Amino acid sequence: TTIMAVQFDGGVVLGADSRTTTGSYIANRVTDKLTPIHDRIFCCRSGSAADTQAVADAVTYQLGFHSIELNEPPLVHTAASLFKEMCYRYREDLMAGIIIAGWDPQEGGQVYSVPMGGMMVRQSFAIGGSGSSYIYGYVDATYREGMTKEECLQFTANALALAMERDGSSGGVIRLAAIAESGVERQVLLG
Amino acid sequence: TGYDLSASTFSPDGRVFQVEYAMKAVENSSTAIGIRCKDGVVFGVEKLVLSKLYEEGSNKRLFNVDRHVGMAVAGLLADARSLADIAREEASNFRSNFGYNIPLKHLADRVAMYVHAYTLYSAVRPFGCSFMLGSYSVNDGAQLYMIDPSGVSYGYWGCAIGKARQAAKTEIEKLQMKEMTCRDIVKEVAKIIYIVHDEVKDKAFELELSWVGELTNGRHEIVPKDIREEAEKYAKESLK
Amino acid sequence: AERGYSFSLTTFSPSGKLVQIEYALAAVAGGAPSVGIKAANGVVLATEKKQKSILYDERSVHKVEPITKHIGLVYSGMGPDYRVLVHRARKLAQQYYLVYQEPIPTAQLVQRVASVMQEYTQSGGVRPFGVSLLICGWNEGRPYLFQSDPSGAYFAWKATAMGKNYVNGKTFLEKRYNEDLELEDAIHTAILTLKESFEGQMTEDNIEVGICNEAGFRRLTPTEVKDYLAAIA
Amino acid sequence: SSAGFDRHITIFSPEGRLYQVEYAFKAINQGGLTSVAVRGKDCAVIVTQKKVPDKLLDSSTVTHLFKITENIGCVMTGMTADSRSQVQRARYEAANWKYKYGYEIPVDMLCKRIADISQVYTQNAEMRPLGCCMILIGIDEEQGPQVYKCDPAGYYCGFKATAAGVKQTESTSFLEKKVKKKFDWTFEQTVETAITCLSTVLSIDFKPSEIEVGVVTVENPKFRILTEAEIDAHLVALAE
Amino acid sequence: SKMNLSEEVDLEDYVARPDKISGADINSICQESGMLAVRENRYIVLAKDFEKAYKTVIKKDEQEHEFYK
Amino acid sequence: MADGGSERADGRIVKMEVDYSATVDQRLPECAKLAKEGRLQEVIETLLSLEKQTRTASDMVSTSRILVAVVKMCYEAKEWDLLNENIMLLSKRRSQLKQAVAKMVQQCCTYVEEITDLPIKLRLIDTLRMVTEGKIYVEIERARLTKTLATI
Numbered sequence: 001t002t003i004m005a006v007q008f009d010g011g012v013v014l015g016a017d018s019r020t021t022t023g024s025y026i027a028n029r030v031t032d033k034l035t036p037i038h039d040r041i042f043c044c045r046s047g048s049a050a051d052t053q054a055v056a057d058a059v060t061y062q063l064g065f066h067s068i069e070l071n072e073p074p075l076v077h078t079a080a081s082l083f084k085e086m087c088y089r090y091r092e093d094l095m096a097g098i099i100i101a102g103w104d105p106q107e108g109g110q111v112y113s114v115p116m117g118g119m120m121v122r123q124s125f126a127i128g129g130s131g132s133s134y135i136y137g138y139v140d141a142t143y144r145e146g147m148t149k150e151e152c153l154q155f156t157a158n159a160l161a162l163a164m165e166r167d168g169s170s171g172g173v174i175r176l177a178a179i180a181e182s183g184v185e186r187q188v189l190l191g
Numbered sequence: 005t006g007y008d009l010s011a012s013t014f015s016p017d018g019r020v021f022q023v024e025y026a027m028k029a030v031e032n033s034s035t036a037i038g039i040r041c042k043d044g045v046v047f048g049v050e051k052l053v054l055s056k057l058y059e060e061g062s063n064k065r066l067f068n069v070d071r072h073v074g075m076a077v078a079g080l081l082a083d084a085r086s087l088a089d090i091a092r093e094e095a096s097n098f099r100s101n102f103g104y105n106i107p108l109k110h111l112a113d114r115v116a117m118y119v120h121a122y123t124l125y126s127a128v129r130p131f132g133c134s135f136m137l138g139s140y141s142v143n144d145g146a147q148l149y150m151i152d153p154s155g156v157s158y159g160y161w162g163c164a165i166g167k168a169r170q171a172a173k174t175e176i177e178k179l180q181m182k183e184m185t186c187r188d189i190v191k192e193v194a195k196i197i198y199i200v201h202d203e204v205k206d207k208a209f210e211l212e213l214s215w216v217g218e219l220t221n222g223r224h225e226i227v228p229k230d231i232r233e234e235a236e237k238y239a240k241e242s243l244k
Numbered sequence: 002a003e004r005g006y007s008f009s010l011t012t013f014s015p016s017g018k019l020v021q022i023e024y025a026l027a028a029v030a031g032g033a034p035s036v037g038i039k040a041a042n043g044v045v046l047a048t049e050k051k052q053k054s055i056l057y058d059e060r061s062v063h064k065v066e067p068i069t070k071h072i073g074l075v076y077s078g079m080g081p082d083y084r085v086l087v088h089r090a091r092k093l094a095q096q097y098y099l100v101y102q103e104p105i106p107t108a109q110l111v112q113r114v115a116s117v118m119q120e121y122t123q124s125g126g127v128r129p130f131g132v133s134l135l136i137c138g139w140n141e142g143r144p145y146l147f148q149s150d151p152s153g154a155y156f157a158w159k160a161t162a163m164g165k166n167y168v169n170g171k172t173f174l175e176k177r178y179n180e181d182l183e184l185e186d187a188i189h190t191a192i193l194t195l196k197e198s199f200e201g202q203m204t205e206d207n208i209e210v211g212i213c214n215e216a217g218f219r220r221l222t223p224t225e226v227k228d229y230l231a232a233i234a
Numbered sequence: 005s006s007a008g009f010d011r012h013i014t015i016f017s018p019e020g021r022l023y024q025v026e027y028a029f030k031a032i033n034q035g036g037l038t039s040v041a042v043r044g045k046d047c048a049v050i051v052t053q054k055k056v057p058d059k060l061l062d063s064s065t066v067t068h069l070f071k072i073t074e075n076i077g078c079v080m081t082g083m084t085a086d087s088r089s090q091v092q093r094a095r096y097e098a099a100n101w102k103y104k105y106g107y108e109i110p111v112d113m114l115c116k117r118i119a120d121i122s123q124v125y126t127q128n129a130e131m132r133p134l135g136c137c138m139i140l141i142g143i144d145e146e147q148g149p150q151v152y153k154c155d156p157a158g159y160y161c162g163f164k165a166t167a168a169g170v171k172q173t174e175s176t177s178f179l180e181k182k183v184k185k186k187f188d189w190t191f192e193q194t195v196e197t198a199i200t201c202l203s204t205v206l207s208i209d210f211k212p213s214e215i216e217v218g219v220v221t222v223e224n225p226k227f228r229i230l231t232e233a234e235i236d237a238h239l240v241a242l243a244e
Numbered sequence: 350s351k352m353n354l355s356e357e358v359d360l361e362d363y364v365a366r367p368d369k370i371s372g373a374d375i376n377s378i379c380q381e382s383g384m385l386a387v388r389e390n391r392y393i394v395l396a397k398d399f400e401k402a403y404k405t406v407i408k409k410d411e412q413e414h415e416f417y418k
Numbered sequence: 001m002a003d004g005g006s007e008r009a010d011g012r013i014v015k016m017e018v019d020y021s022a023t024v025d026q027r028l029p030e031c032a033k034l035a036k037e038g039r040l041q042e043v044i045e046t047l048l049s050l051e052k053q054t055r056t057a058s059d060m061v062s063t064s065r066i067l068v069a070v071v072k073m074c075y076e077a078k079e080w081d082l083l084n085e086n087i088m089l090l091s092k093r094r095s096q097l098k099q100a101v102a103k104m105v106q107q108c109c110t111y112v113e114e115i116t117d118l119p120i121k122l123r124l125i126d127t128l129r130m131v132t133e134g135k136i137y138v139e140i141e142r143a144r145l146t147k148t149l150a151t152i
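Chains as they are written, first to last, in PDB author numbering: chain N, 1 to 191; chain M, 5 to 244; chain H, 2 to 234; chain G, 5 to 244; chain D, 350 to 418; chain W, 1 to 152.
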């Protein structure tokens, strides 16, 4: 549920929770919210799982046939434009929790947030999740400008731990995702 | 004996007569050439004069499909404006769903799938237009592609269609092309443009020139005659 | 007249014979020999596949393409339009299987396919199928072997043969094969009539013998083909 | 035999033969290219070339190497116009199987789904048969590499090593004797025999920059091709 | 037998590949196969002499159709 | 290449008499790269002869002693090698081998009278295959005739 995206100079760093709860009952104890669209382009999903999977599968088919025909690097901004057009037309039906964060050869690491309205905007950091209401004051203070990939794993762990421990929906094991020119990096942390 | 009737059928020599008639159909039209420098791409069009004929600066074969892309076309003019709107509508689909500049490689590929398709069916007919596609971008660079009515997609540093003179592209290797900044290039091409295509065939003529590249920051427009004026300035004194 | 959507190109000759459909029989005659035998417990098929060059490996392309687990089949003559009706029969055999809940007999494959195959010949603008299908399998405890033609007419033969010199191999299958025999004896005379027009070289990849068991169709690998036929028949 | 207007459309003949389809035999001759496929134990190697009549030819744009999937590439012959329309269709059904099925693609039976669309091209009422010839490689799990060459009659074809085209008939003659007998195949052994099989045909033996050698070997399953570097080293390795 | 031996030259490969391209074009093209031995320039006819003789006449153009075999 | 063959060969002529035979064996890779190019027409025929010139000047040195002709079987090692990488295709410019071999057998004409027949027949058994490789090409056929008359 709770999702986080932070961009540093040479890429972006993503994180998400595992435990997902439908009502009072827990649907799944361990769930990976990151979507492997492409090696250089990831996103974080929330809300309805069925709506986030198919749209990610649609862009994978759309861009996949397009990007392979390009024989070009996987441009991040154009991939997020496919989410912008679809979430805007379906905004009265589909629910959009996708936030596109990925490293690009030309434009570097960038984060694009696409809320339920379908708009696309670039910011230095991204926030999301139901448990993010309590950390809104914490994310607007502890966050610093010009972060490093090292401390990005620490800061995303501080933002998720406060949201997962307080809010009842978010929880489980903490999983982080690091994106840079060296490729995809994932890890499992707890406590 | 009638093997040239259906455009969907082959020929006793194993080729398409509809395309063979379409290749020379573009040759009878006036010459429209193109060339690309390092930071830019240059276009040109010849305008023939028989009687008057009409106002200068009319029905020029130079068209602008997109911000960074342009059209140098030859052959039947009405078939070119139809492909100009198709390329314009295709450029509208790219700027909508995506919102950035359409790469010249796949922009020529979309038209390559079209021009090829009309040659396959006997219902419709092939195209009598062989045009030039070129563009420049900061993240791409200068490319130039030569499209033929048969539907083959490819490009060189330069190509020539229209009338068969072909001597206007000879002096280009005698001058600096990829080394030059594309500024003086405009007036360097126009020298033999006037010399060759002798006045015996056509008494008078008129020349159009267009350019797209870094100096315009990716924009494409026809170079005005008053600015920088050195286009036809150096062209008159270079005839010898 | 009308559209140009490919109205029927098939007309009637002054004697009433079909024009382009009878020409598809020439492709069957100018094709490759394929034989099959309906005897006793099940049906046995013997086809012929020979490589035009030494660089061809028969382990990839398979002549036998069974429609159902219990239904085998082979063909004669002409591939490109053959795979069209094959996969079409895969989609068509599902309505009988989903609605009636049953391993559809070969007789129903004959009625449905030959009707569409006849409708395909009636539709113009397209060349009729030059493929003569041998339909076999096991249903209701008694197997069947049925032969179709480009025109759609379906027959029933104990031992049948198609391809080059099919009238000569039909007389051999009329004499050497009679009444009914076991599947092992059926494979014997099925290769002997295939070795008629076959070249002087017979290996595991030169001939492939399919068999329809009462338990359902089982396609034999080239292993069992070289074991029984070496030493052909 | 021929009667009536059958010469002017695509259909059968009074003798049951074909004319249009058989005129596609020499449809490759106008291109005048050659492609030969050689497969090894763990590897598969394709050899092709291109013609450079003018120095303006760009190596990237006129490149005849087409890449369908990262793991599986391809190559074409004949006129390049009909080939490009089949390129996206080979990419289309590819992405369909990557999306829906999610694995290494029908390394064996993919030629059936492609030839089906290629047969629709032939089976259409009035349309061009598209005489371009499709050639694919393949990668499977513990099956070794695969090589497949499809022809635009609507049928699927592929084997260990196959060469079909203008001059490819003499190339297979050497491959029949070279493979067996009995022999194995290594990486450089298949690259060295890619020239020798063509050496029985023409092999002008000039600078390698014009010839393109496709290669796929299983270490990293992703298909890929180097640029100009060690291809010349493999050319001087086979000649001692 | 009228050709020079051919005690070295092995008839095995010439009864296969040249047999594919035969017209026929039967009787006296085999004599042309011997009339390319006078083209030599070689004491005992080379393998390239035979193969070159039959491959010129007559040509075949394949295969989009007969592939059913 | 023309200039490449003149600068390397004329600079290695001092290595023969002054320096040891190690540089003579180390002379192989550079002179081979010159023949790998094949810039021809007749230049490399004269270029590689300068090697074969001082190489026959080393025949005075080496083949006399020391000793046993093992240095000569190393010569045919790089005689076969010199024809390996060119490949020269029995051309053009293959005459660099004729005058070489003709001067090689000219030394063999002096060896039979100067030294016993044992080392020269091991030298003659090597050039029997050199003639099979030397065709049928010009005088190499009659260089076979003069050496086989000596064997009789």
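The beta carbon of each residue, even a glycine, is placed where N, CA and C say it ideally should be.
Between residue i and residue j, is the Cβ-Cβ spacing less than 8 Å?
{"i": "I143(G)", "j": "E108(G)", "result": "yes"}
{"i": "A96(N)", "j": "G118(N)", "result": "yes"}
{"i": "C41(M)", "j": "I189(M)", "result": "yes"}
{"i": "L74(H)", "j": "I136(H)", "result": "yes"}
{"i": "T190(H)", "j": "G37(H)", "result": "no"}
{"i": "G217(M)", "j": "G44(M)", "result": "yes"}
{"i": "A198(G)", "j": "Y160(G)", "result": "no"}
{"i": "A41(G)", "j": "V151(G)", "result": "yes"}
{"i": "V119(M)", "j": "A91(M)", "result": "no"}
What span of residues does the alpha helix (DSSP H) with residue i cover, start to end?
{"i": "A161(N)", "result": "149-166"}
{"i": "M117(M)", "result": "108-124"}
With residue i as the anchor, note down where its beta strand (DSSP E) starts and where it stops.
{"i": "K51(M)", "result": "44-53"}
{"i": "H224(M)", "result": "224-226"}
With DSSP as the reference, identify every bridge partner of residue i, one or two as the case may be.
{"i": "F125(N)", "result": "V6(N)"}
{"i": "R219(H)", "result": "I212(H)"}
{"i": "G17(H)", "result": "Paired residues: none, contrary to the question."}
{"i": "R186(N)", "result": "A177(N)"}
When you compare the CB of residue i with every CB in chain G, is at least one pair closer than 8 Å?
{"i": "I68(N)", "result": "yes"}
{"i": "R388(D)", "result": "no"}
Would you say residue i lies against chain D (beta-carbon separation less than 8 Å)?
{"i": "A33(H)", "result": "yes"}
*Are three or more beta carbon pairs between the segment 160-168 of chain N and the segment 126-135 of chain N nearer than 8 Å?*
Touching, yes.
*Given 8 Å as the limit, is there contact between the segment 10-25 of chain H and the segment 164-171 of chain H, that is, 3 or more CB pairs closer than that?*
No contact exists between the segment 10-25 of chain H and the segment 164-171 of chain H.
*Report yes or no: do three or more beta-carbon pairs, one from the segment 172-191 of chain G and one from the segment 6-26 of chain G, lie closer than 8 Å?*
No contact exists between the segment 172-191 of chain G and the segment 6-26 of chain G.
*Are the segment 6-21 of chain M and the segment 136-150 of chain M in contact at 8 Å, needing three or more beta carbon pairs?*
They do not touch, by the three-pair rule.
*asked:* With three or more beta-carbon pairs closer than 8 Å as the criterion, would you say the segment 13-26 of chain W touches the segment 62-78 of chain H?
replied: Short answer: they don't touch.
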